[PDB]
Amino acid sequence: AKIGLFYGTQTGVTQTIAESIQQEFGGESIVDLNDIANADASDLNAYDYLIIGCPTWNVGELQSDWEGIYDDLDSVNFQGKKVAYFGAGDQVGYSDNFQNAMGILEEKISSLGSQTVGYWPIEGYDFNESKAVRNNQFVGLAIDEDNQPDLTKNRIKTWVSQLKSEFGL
């Protein structure tokens, strides 16, 4: 497909979100779903449009599967690629490390020459600190199933609608 979605997940929440995003875009013919646990860094090279999903774990850390491939990311040339990010987190329980994984990955991938698209407003959340915030916006979609599951469906619909414009759909 045109868009490659790569996600990592520990308790399955990020996978469910990935599946909803693929569905909102139009299905398998538009978005390829890939579990980063089963991929090689070079698989990211096959796409010009990428969506990266990762939940934050263990107080500000990357989900372990993303942690595993992190050092290999240097071998991929992201210049010219448009990359969007999404993450699952818990704003109440980890108010000072909310969605940090998403920010760690964005800082790394953009330093390799990619363009970040998909900024999201921070006003619909209550947290103290997040490494995924730059100039008062999140660098990608923040989902919180632990505290705001009622908002997930419309957050995804709205985000995907905005991304379509960025990805030329």
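Start at 1 with the first residue shown and count on from there.
> Quick one: higher average CA temperature factor, 71 to 79 or 87 to 95?
That would be 71 to 79.
> Averaging C-alpha B-factors over each stretch, which comes out higher, 55 to 63 or 104 to 112?
The stretch with the larger average C-alpha B-factor is 104 to 112.
> For the CA B factor values reported in this entry, which option in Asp43, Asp144, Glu123, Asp35 has the top one?
Answer for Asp43, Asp144, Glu123, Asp35: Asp43, with the highest C-alpha B-factor.
> Taking the values exactly as deposited, rank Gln15 by C-alpha B-factor within its chain and report the matching third: lowest, middle or highest.
CA B-factor rank for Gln15: lowest third.
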